[PDB]
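Have a look at the structure below, then the notes.
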Amino acid sequence: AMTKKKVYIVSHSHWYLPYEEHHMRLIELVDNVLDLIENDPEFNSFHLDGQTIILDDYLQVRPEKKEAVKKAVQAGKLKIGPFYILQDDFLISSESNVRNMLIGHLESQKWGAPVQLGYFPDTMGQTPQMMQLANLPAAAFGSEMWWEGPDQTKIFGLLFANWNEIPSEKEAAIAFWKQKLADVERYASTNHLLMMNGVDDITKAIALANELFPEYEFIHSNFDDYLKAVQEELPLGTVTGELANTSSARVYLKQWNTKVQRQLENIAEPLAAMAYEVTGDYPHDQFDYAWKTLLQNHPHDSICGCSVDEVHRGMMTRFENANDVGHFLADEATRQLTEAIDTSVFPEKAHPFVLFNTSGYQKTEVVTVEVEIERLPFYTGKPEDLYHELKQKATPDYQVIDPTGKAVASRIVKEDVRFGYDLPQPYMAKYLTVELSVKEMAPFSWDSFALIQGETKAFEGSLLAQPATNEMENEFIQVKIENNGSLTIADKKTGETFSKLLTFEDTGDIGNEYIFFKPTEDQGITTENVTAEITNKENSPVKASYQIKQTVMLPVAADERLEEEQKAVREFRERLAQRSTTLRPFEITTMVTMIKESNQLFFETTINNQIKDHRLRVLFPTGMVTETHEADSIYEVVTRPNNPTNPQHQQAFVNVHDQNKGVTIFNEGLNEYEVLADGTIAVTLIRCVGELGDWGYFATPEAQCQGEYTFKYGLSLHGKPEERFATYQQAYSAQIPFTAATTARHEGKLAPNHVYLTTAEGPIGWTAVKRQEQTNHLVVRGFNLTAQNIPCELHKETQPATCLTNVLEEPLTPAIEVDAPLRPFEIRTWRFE
Ligand SMILES: [Ca+2]
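Letter by letter, the sequence shown follows residues 0 to 14, 19 to 126, 130 to 148, 170 to 190, 195 to 231, 238 to 272, 275 to 281, 293 to 474, 480 to 697, 705 to 895 in the entry's author numbering.
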């Protein structure tokens, strides 16, 4: 007395090397897949690995086969998508993940492919909500359970595991199958058994398998079918929410990635989206191209910096290209936008310019704007003489004014004289850089100003810094730079004080691109007993800044042993190498900057890294010992607990807080952090290492990160827990500069001051503003930082939003009202028609 079981054999690809070498092999794999599809009528389907890009890469080498490809996708014999590319998810932005799915989706429609499950063959809490917002209610992970995200959004999930190996003989196969079957049924919760078939003669072998077992039916199948079958008979089983040394391998790739992400998501996209109002066009196709290029840097063996030298050089080009497209589109957008602004309101002879808050946040910053002050075309004289004319010429004092004509406090930072050229004409031009203080400027808005000859209206009030003691202060905070060059800070509003901040710490690293490993006898070097050179560089009533220089004596490299232990592939934990006894001076140079209207401190650290096998972090002792901390993640701030080390991955910031106080450290492209047991927040600036690691020996000398680096990060203190979120918002806003463009005096359709979107206040992450693909509907997306139901209402000009959509920009199932509170941890998208 038994019960029958169905075994679903699903064929799929299961497969260090330079890009092209893997690309040529791809061509071969897809050749064979397609050879079976055409030849073997019994062959159900093949699973094309969760990513559409594989067709692109295939067809760019082999375009004649497009017809064969369309056919097999249309007959459901090739199963493609739903992502564009398989992404190293933790490492990239919130939006990059979404955009992967958006592109993946649209590319699947282009093929007439129906939606496949999300596919995760190798390796973030909001995945459940994200998938559902992309209509992927099932996903497969490399036996079956639900996975719920922070929003109580739930997804069905498969734990599959691959357990030509199949024999051609009856006696062998019987035992073979009996054994694989036991392995499958151990974990299975139904009588529907998944059996993955990896590739790199199955109809024959399946039919043998059906001959052999009366209680087992063996069928060549696919995920779609197996999902429908298994879900109807499911009993049990839930997983909830959510090595990090890949976060700090090859920093410069992380820095670049951050930069182009922010260039597309926060600059180019919102500006184009506004420019459409005037122009009636939106460059959908170019954006799509920019994003693909960027996303090609996003796999699980590329952005991690955890591969071979040639591959990462390749990523550098892709980064520059997408960045250049980003800049191009943003430039077009602002030129179209400023041209339409009515600047006739400035007097004759004035030099107008426009500031855009292109983020969703109240922005406060002392900003600089470079304004062209005189221009000499090459047709006026010999260029060298034009240069010297302007360079010799003495410069009038200048005033900035608003549209009403009132004066606006400012400061002239710098004069420059240089060569330039326009469209659509070469010249010499003279430029001024003007400092302006911008305070709580409204999200998604612009203001116009003009530079006019006259007496500069000086900033007024106390100097922020007092250089005699290396101190500075505003209403929010008071700062002392110690002889150390470390900072002691007082929160003027909570009374909490903090000490030893900004200490730098260097240790050896003899691990590899994947993992950090400190030589067994290494105690580390620190700037705690270093004598800093401290200089006040700027002091005004609105902004002050200090330069801190430190020389530490660092080992030049690991000693001689390392290269041998790498060559012998000696396991990293067993390594006897130590820091070298040859020491050289290592210069660390930090700018600490403070502005009147903000509690944030900004740091810029610069090094010229000419030493190897090491790691440099900056520490922020917190004074609070807790079990948990908070880190920025994916559409989410996650609570985590704090191999003796505990490296972790962060986005914009990490936070440690009490019932009474908190410290928020934010960063651009500095993705690894540790929170030490004493409460120190240690951010990794740079990790230098000689090999790839893993299963063999692959020298990666370029992973040593030699050369000049500048790291941007910062600090914010808060009081009672609730104040956390404002610090998080500012951290986002800090990564998004104002855009500044000059224009001529001209009349226009548009106001010189305007709020394009008026946004709801409260703990919300503002994330995308763009337009929809054939529709051109304005798309805006944001997310709830909190576990609470939050009043949220968006307007564009007067106008309210049409509907709420999902991440593919389609209306929600069911229809939630635009008017409705933003649910806990909700990722919301608005459509504006
Ligand atoms: Ca059978």
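Think of the CB as a built atom: it goes at the ideal place given N, C-alpha and C, for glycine as much as any other residue.
Counting only runs that start and end inside the stretch 375 to 426, the beta strand (DSSP E) elements of at least 3 residues fall at 401 to 407.
With 6 Å as the limit, the residues whose C-beta approaches a heavy atom of ligand 1 more closely than that are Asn247, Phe250, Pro251, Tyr253 and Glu254, in chain order. By the Cβ rule, the stretch 852 to 864 counts as touching the stretch 814 to 833, because three or more pairs are nearer than 8 Å.
One alpha carbon belongs to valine 215, the other to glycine 84, and they sit about 26 Å apart.
Non-local C-beta neighbours of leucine 344 in its own chain, meaning closer than 6 Å and more than five positions away in sequence, comprise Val310 and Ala372, ordered along the chain. In this structure, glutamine 412 places its C-beta atom within 8 Å of the C-beta atom of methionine 496.
Residue environment analysis places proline 474 among the exposed positions, since fewer than 16 neighbouring C-beta atoms fall within 10 angstroms of its C-beta.
With a cut-off of 8 Å on Cβ pairs, the stretch 293 to 312 is in contact with the stretch 94 to 104, counting three or more such pairs. Looking at the DSSP output, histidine 857 sits in a beta bridge with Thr820 and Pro862. Look at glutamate 270 here: in three-state DSSP terms it is coil, with no helix or strand label. For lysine 69, same chain residues with a beta-carbon under 8 Å away, outside a window of 5 residues either side, are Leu62 in chain order. Cα atoms of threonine 55 and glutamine 112: separation of roughly 11 Å, rounded to the nearest angstrom. Non-local beta-carbon contacts of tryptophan 828 in its own chain, meaning distances under 6 Å to residues more than five positions away in sequence, involve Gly410 and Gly844 in chain order. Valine 692 has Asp687 as its beta-bridge partners, per DSSP.
Ranked by Cα distance from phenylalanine 657, the options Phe428, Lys80, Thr875 and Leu556 are led by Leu556.
Classified as exposed, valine 680 has fewer than 16 neighbouring CB atoms from the shown chains inside 10 Å of its CB. With a 10 Å radius around the Cβ and a threshold of 16 neighbouring Cβ atoms, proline 763 comes out exposed. The shortest C-alpha to C-alpha distance from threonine 875 to any of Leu139, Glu327, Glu583 and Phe396 is the one to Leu139. Secondary structure note for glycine 769: its beta strand (DSSP E) is the uninterrupted segment 769 to 780. Burial check for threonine 636: the Cβ neighbour count within 10 Å stays below 16, so the residue is exposed. Using a Cβ distance threshold of 8 Å, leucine 519 and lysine 651 count as a contacting pair. Looking only at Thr677, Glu629, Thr644 and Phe504, the smallest Cα-Cα distance to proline 574 is reached by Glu629. Taking C-beta atoms as the reference points, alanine 75 and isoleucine 40 count as a pair closer than 8 Å. Between the alpha carbons of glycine 678 and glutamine 336 lies a distance of about 49 Å. For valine 725 against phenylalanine 787, the beta-carbon gap comes to about 15 Å, at or over 8 Å, which does not count as contact. Measuring C-alpha to C-alpha distances from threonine 393 to each of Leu847, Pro814, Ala71 and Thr746 identifies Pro814 as the nearest.
Distances from the CA of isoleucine 689 to each of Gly516, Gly280, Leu29 and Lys73 were compared; the closest alpha carbon is that of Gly280.
Nearest to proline 610 by C-alpha distance, out of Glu171, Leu671, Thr804 and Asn584, is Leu671. The beta carbon of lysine 464 sits closer than 6 Å to the beta carbons of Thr488 from its chain, once the five residues preceding and following it are set aside; these are given in chain order. Judged by DSSP secondary structure, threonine 329 falls within the alpha helix (DSSP H) whose first and last residues are 319 to 329. Cβ neighbours of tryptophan 306 within its own chain (closer than 6 Å, five residues either side excluded): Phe369. For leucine 870 and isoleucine 106, the gap between their C-alpha atoms comes out near 9 Å. Residues of the same chain with a CB within less than 7 Å of the CB of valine 361, apart from the 5 flanking positions on each side, are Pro21, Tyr22 and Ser352 in chain order.
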